[PDB]
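Chains as they are written, first to last, in the authors' numbering: chain D, 28 to 55, 138 to 326; chain C, 28 to 326; chain B, 28 to 326.
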Amino acid sequence: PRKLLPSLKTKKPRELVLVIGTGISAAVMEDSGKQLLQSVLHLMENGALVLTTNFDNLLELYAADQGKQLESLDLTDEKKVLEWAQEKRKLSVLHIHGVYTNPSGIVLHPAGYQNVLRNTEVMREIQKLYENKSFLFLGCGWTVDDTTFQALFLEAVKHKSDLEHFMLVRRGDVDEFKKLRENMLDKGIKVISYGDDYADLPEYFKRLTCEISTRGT
Amino acid sequence: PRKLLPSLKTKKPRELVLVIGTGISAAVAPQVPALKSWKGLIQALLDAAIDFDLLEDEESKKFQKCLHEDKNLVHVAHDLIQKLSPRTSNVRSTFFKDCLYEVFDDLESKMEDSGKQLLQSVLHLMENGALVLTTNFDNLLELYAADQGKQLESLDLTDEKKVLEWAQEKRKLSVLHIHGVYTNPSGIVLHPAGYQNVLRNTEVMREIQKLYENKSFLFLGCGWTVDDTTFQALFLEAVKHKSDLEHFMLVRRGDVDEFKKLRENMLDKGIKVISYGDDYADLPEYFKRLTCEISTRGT
Amino acid sequence: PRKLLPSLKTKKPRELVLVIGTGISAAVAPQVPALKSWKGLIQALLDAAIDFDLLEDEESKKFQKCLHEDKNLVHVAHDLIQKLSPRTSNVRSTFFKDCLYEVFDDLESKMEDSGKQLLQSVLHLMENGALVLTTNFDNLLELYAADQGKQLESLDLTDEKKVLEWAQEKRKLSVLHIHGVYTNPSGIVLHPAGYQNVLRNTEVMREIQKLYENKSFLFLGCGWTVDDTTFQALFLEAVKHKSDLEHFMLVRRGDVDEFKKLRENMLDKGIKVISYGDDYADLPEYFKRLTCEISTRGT
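Here it is as structure tokens:
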């Protein structure tokens with residue numbers, strides 16, 4: 028009889044920035142993992158962006174399973190990042206630390222974040238994303254507190270009172286929502302529930318995409 | 028088949044202000060539990076907060092006990108707003124809105140033509156120039172008007188300009204939800220201090236005194252809106268000179284002494300009563316007979 | 028069709044003053060059951076009350092006995108007024124005004140041609156310099172006078188001071204009621220309990236010499252126009268000289284002694300009967316011939 032949080036349920040795929048933590052790579138390939146990445150493929154095709162901390166290329170490889178090819182960016186490829194942030198590069202995925210496929214492209218040292226902080230053109234697009242869009246985060250074992258994320262959004266955008274962003278996490282206690290919620294609402298984001306096992310993350314999120322896209326399209 | 032009270036039947040659309048009460052928005056639908064009463068409604072706000080995993084087990088059952096009392100459940104909804112909305116007021120939290128959105132949607136899909144005819148009849152008097160105000164949180168009139176006949180705007184008592192134009196009969200865009208309307212939850216004032224702030228201004232109080240003297244008000248479905256707090260504080264306090272020109276109410280006949288008790292009691296408050304004693308599907312048919320009579324005398 | 032008793036044509040129109048009965052206001056919609064015979068007025072207020080919730084079915088069955096236990100019927104109407112209008116301090120009470128308008132509404136809808144001839148004739152008789160008095164609450168003779176282009180002044184004795192002008196004959200086209208007036212049912216006084224309290228101004232009763240010997244009455248349609256004692260009380264307390272009372276009544280032929288007796292009583296009182304072959308629409312033409320003969324000899 029389960030339901031999906033309605034304000035996030037109103038959202039239409041162009042509206043969204045999908046930020047992917049390690050927990051989705053952990054949920055993934139298993140047959141339920143291929144059904145998750147099938148859901149990701151539909152979202153990004155319908156005009157969301159996908160971004161990830163993760164160095165893997167599971168998304169680009171799953172695009173080969175269902176008749177597509179998807180392009181990987183790293184934060185040294187500032188030209189393609191500008192075209193991605195301007196919505197022009199459809200089928201382009203960002204890996205924030207970079208992707209294992211490009212060794213010089215990987216950014217980890219503070220100077221890699223500072224290269225984006227120096228790029229006022231891409232930083233203006235980063236502010237613009239956070240002003241315009243609603244963001245959905247997944248599997249936040251690092252992403253919200255990530256030193257790249259903290260440099261890239263958190264130095265750059267101060268509308269932290271005025272956000273309309275959502276997260277998923279699998280709720281085990283009152284304190285787990287609260288404790289998350291306090292730092293999350295200081296960043297500006299709101300918490301949401303699923304709550305039985307990691308198997309709900311594929312199943313819930315596939316029906317969330319179905320309702321988002323069937324309303325939006 | 029039934030008569031119209033002739034001093035009411037001969038009134039015109041410019042003269043009137045209508046009130047719709049909670050029973051109507053339920054009665055339109057043969058199959059909506061969640062609006063049948065204030066107890067059905069507060070049951071569904073906890074159903075949303077429970078099923079979305081937004082209220083904890085202890086808090087849910089603690090409020091459920093308080094709601095079992097039947098002791099002013101309308102005021103227990105004030106206590107639920109005090110729990111739900113964070114008072115670090117610069118933070119525009121969504122959660123209260125997300126509760127309400129679960130229940131106050133998928134309404135129209137169930138409905139029947141006799142209910143739609145009631146909404147069209149109400150809209151015809153509003154269009155022809157009546158001002159409408161209502162008890163309810165819902166939007167059924169604004170959805171039904173936006174769909175097939177008018178621009179309809181939903182208003183709460185917080186907005187000084189929009190209430191001033193409503194009092195001046197200018198803002199014929201609007202339907203006035205005295206308490207507050209579910210697609211604007213930040214606006215909701217169940218707690219007295221907000222409508223008491225509308226009492227404070229001397230020129231606004233001239234417009235309010237003028238409003239109660241000038242027109243005839245009709246109430247529908249059940250009229251208990253006379254004593255649902257906000258209505259009493261602004262309108263009823265102003266009886267400095269008890270002119271009380273005719274205002275009118277419908278009721279369903281019951282067993283006869285209940286109707287008698289109401290009739291006597293409200294006629295001393297200032298307000299006249301009329302009966303029907305039939306299947307509720309005839310209540311929309313009766314309201315068509317009254318609607319034609321008023322509107323054809325106006326236009 | 029047997030013509031004018033030659034007493035009639037002699038009288039110059041400003042000498043006459045008239046009173047209108049039952050069958051006249053019936054003939055201005057004569058298939059409506061509520062006027063066919065005067066018990067029908069209460070039959071219709073009861074048949075309204077069964078649906079319109081003035082009284083229970085058991086109070087209704089008590090009045091059904093009162094319909095079979097007839098005579099006293101005009102003070103049965105006074106007792107029914109005392110049932111339907113005890114009062115608070117002032118205001119506009121729900122049971123009464125807003126129930127009479129089941130029977131004194133929706134007459135004007137049926138002002139047929141044969142009926143309008145009588146009211147037409149009376150109206151020009153008013154313009155020809157008479158004064159007029161009317162039994163009923165009803166306003167037919169006010170409305171079909173504004174149709175021909177004159178807006179009548181209604182009089183009833185609760186408008187206390189205006190008799191100062193009416194006995195001076197100054198308020199031309201003013202019509203003075205008896206069983207009150209439909210535009211202000213508050214004015215009703217069916218009984219010695221009411222009307223004569225105004226006539227405590229005994230200069231009016233003195234000038235009623237000038238209004239009962241120096242001038243001539245004519246009475247339409249009935250016999251009911253005097254045979255319940257109202258047309259003893261408001262007039263015989265001033266004067267009783269049967270030699271020079273100088274007044275008339277229109278009637279119908281029937282079985283011989285049952286026609287004769289009313290002529291015998293009336294002629295002994297000092298009022299003169301006029302009689303023809305019975306049928307309803309002939310009275311309209313009888314009255315117009317009489318009016319043409321009077322108004323031409325008054326020209």
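Virtual Cβ for every residue (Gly too), placed ideally from N, Cα, C.
Checklist entry - Sorted by chain position, which residues of the same chain lie with C-beta nearer than 7 Å to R290/B's C-beta, five sequence neighbours on each side aside? => result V300
Checklist entry - If you draw a straight line from the C-alpha of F314/C to the C-alpha of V55/C, how long is it? => result 13 Å
Checklist entry - For the stretch 173-189 of chain B against the stretch 221-236 of chain B, are there 3 or more C-beta pairs whose distance is under 8 Å? => result yes
Next on the checklist: Please list, in chain order, the residues of the stretch 62-88 of chain B that have any C-beta partner in chain C closer than 8 Å.
Outcome noted: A75, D78, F79, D80, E83
Checklist entry - Which residue's Cα is closest to the Cα of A71/C: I47/C, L32/C, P57/C, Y128/C? => result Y128/C
Item to check | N117/C to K124/C span [Cα, whole Å] | outcome: 16 Å
Next on the checklist: Pop quiz: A76/B and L82/B are said to be a contact at Cβ under 8 Å. What is the actual Cβ separation, rounded to whole angstroms?
Outcome noted: 5 Å
Item to check | Length of the line joining the Cα atoms of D309/D and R233/D | outcome: 37 Å
Checklist entry - Excluding five sequence neighbours on each side, which residues of the same chain lie with their C-beta closer than 8 Å to the C-beta of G281/B? => result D305
Next on the checklist: Judging by CA-CA distance, which residue of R41/B, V253/B, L145/B is the nearest neighbour of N292/B?
Outcome noted: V253/B
Checklist entry - Which residue from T37/C, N241/C, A173/C, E139/C puts its Cα closest to that of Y307/C? => result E139/C
Next on the checklist: Short of 7 Å Cβ to Cβ, which residues in the stretch 106-137 of chain B face chain C?
Outcome noted: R119, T121, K124, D125, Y128, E129, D132
Checklist entry - By the criterion of Cβ-Cβ separation under 7 Å, what are the contact partners of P33/D in chain C? => result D125, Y128, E129
Checklist entry - Taking 8 Å as the CB-CB cut-off, is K299/D touching chain C? => result yes
Checklist entry - Going by alpha carbons, who is nearest to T256/B out of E42/B, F164/B, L217/B? => result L217/B
Checklist entry - Which term fits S52/C, buried or exposed, when burial requires 16 or more other beta carbons within 10 angstroms of its beta carbon? => result buried
Checklist entry - On the premise that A173/D lies in contact with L45/D, defined as a C-beta separation below 8 Å, what is that separation, rounded to the nearest angstrom? => result No, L45/D and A173/D are not in contact; Cβ-Cβ is about 20 Å, not under 8 Å.
Item to check | Residue environment, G48/B, which counts as buried when at least 16 other CB atoms sit within 10 Å | outcome: buried
Item to check | Chain-ordered chain F contacts of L294/C [CB-CB under 7 Å] | outcome: Included in the structure are the protein chains D, C and B, with no chain F among them.
Checklist entry - If the cut is a Cβ gap below 8 Å, which residues of chain C does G304/D touch? => result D80
Checklist entry - At which residue ranges does the stretch 162-217 of chain D contain complete alpha helix (DSSP H) runs of 4 or more residues, listed in the order of the chain? => result 167-174, 187-194
Next on the checklist: So the candidates are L203/D, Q195/D, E196/D, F164/D; which of them puts its Cα closest to the Cα of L179/D?
Outcome noted: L203/D
Checklist entry - Of all the CB atoms in chain B, is at least one closer than 8 Å to the CB of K30/C? => result yes
Checklist entry - How many Å lie between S181/C and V190/D at the Cα? => result 44 Å
Checklist entry - Less than 8 Å separating the beta-carbons of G297/C and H274/C? => result yes
Checklist entry - Enumerated in chain order, which unbroken segments of the beta strand (DSSP E) with a length of 3 residues or greater are wholly contained in the stretch 249-317 of chain D? => result 275-279
Item to check | Burial state of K38/D (16 or more Cβ within 10 Å) | outcome: buried
Checklist entry - Of the choices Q91/B, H102/B, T121/B, whose alpha-carbon is the least far from that of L35/C? => result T121/B
Checklist entry - So, are the CB atoms of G325/B and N155/B less than 8 Å apart? => result yes
Checklist entry - The alpha helix (DSSP H) with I47/B in it runs from where to where? => result Counting along the chain, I47/B falls outside any alpha helix (DSSP H), though it belongs to the beta strand (DSSP E) covering 43-47.
Checklist entry - What is the rounded straight-line gap between the Cα of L68/B and the Cα of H105/C? => result 56 Å
Checklist entry - Among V283/C, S64/C, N163/C, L168/C, which one has its Cα closest to the Cα of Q144/C? => result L168/C
Checklist entry - How close, in whole Å, do the beta carbons of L43/C and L245/C come, if the pair is a contact with beta carbons under 8 Å? => result 6 Å
Checklist entry - Given that a residue counts as buried once 16 or more other Cβ atoms are within 10 Å of its Cβ, and exposed if not, what is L100/C? => result buried
Checklist entry - Taking the alpha helix (DSSP H) that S148/D falls in, what are its first and last residues? => result 140-154
Checklist entry - Any idea if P311/B is buried or exposed, counting beta-carbon neighbours within 10 angstroms, 16 or more meaning buried? => result buried
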